[PDB]
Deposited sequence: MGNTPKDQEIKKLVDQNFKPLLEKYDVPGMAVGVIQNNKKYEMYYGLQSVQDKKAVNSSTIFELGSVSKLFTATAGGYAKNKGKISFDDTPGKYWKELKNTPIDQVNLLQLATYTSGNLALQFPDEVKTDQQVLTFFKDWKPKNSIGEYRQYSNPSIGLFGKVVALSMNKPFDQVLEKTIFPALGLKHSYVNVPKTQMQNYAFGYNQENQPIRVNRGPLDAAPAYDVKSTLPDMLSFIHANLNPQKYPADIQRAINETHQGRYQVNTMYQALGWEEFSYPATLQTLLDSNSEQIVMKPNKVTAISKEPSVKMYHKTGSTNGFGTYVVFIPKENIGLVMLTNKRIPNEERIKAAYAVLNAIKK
């Protein structure tokens, strides 16, 4: 009585569209994949001054969602035998051997449990040598492996070690190995000149258009729906990338109701809304939390990740056994809680 594509479009309209007016967001792409059918919904403008509409070609910044590709790359290297998650970074970055950071293993870096790594690098750490200096000068604080503190330097060092183990710059790991293995055609660490007319302007909180170990990916909604498809259907992919994706799905420890996988955050499904919101609370995101072993290995589960830059917001979520996922991209930050709420409302109302 109402075709499925229209039902999903109506749900996105009801839950995501009001965010455009509420947060003065110029442009937004929302994608749903269900049962290997993709639905793409585009709103607004990728560049306000150019009156250029958001569309299937629009490139957005993923912010911390980029960590999902770092995690996938590490799962790939690990299953190609290039690294062990029990290895320390000094095995690959030789100038870190005999240093304090060489007590931390690669899994602990990937899952934010070094015990003394903040959310971001200091603002002055830009030179690739300044990164080496920062880790050479690093000293432990909390006991290694016991406290999760969400940290871009932490998984950044992990990505650096991954790239060294594959004898390539990290951006070439993604652009020449990981992105092609996932069938992504419009995903970049460095957006080529020929694609700059598709690169959305990011917009700051005044609606003004605005380091190499800062690993940051740009992508389109079709590519992110394809990435979600890969996470929903790892058996459809070659052995190496299949094992890579499964590696990112394994929960490693818990903080309350949240399971920390590689890059992905993992939850028992069905997940209460507040479980998903707790994962982005200041307590979880900004403060150290003691981690606990997994007790309940979730049989039925879901995964999500928020991401932001100064001018962009991202949310990705998927539920394997419901064969469904959703991506939201915007060229203006909106509160993480609003992304989670809107996606939760859509995913729970889509007819099964």
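When the deposited sequence is numbered from 1, the segments without any C-alpha atom are 1-2, 213-220.
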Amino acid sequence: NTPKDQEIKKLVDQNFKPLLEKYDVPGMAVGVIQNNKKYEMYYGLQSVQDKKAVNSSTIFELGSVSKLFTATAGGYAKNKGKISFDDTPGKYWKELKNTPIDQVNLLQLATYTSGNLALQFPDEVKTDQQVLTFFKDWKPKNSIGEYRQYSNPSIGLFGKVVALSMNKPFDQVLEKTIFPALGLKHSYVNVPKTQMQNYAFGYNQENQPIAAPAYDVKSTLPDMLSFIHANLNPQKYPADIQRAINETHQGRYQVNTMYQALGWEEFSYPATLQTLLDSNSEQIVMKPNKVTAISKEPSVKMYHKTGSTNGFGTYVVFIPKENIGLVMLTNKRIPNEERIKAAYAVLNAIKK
From here on, numbers count along this sequence of modelled residues.
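Relative to one another, 80-88 and 275-283 have unequal mean CA B-factors, and 80-88 is the one with the higher figure. Look at the C-alpha B-factors of 92-100 and of 234-242. On average they run higher in 92-100. Across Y112, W138, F227, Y269, the entry's maximum B-factor at the CA atom is seen for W138.
Among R252, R148, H249, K185, the highest C-alpha B-factor recorded in the PDB entry belongs to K185. Ranked by C-alpha B-factor against the other modelled residues of its chain, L157 falls in the middle third.
When the CA B factors of the chain's modelled residues are split into thirds, the value for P222 lands in the lowest one. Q49 sits in the middle third of its chain by CA B factor, as recorded in the PDB entry.
In the deposited entry, the Cα temperature factor of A200 places it in the middle third of its chain's modelled residues. When the modelled residues of the chain are ordered by C-alpha B-factor, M258 sits in the lowest third.
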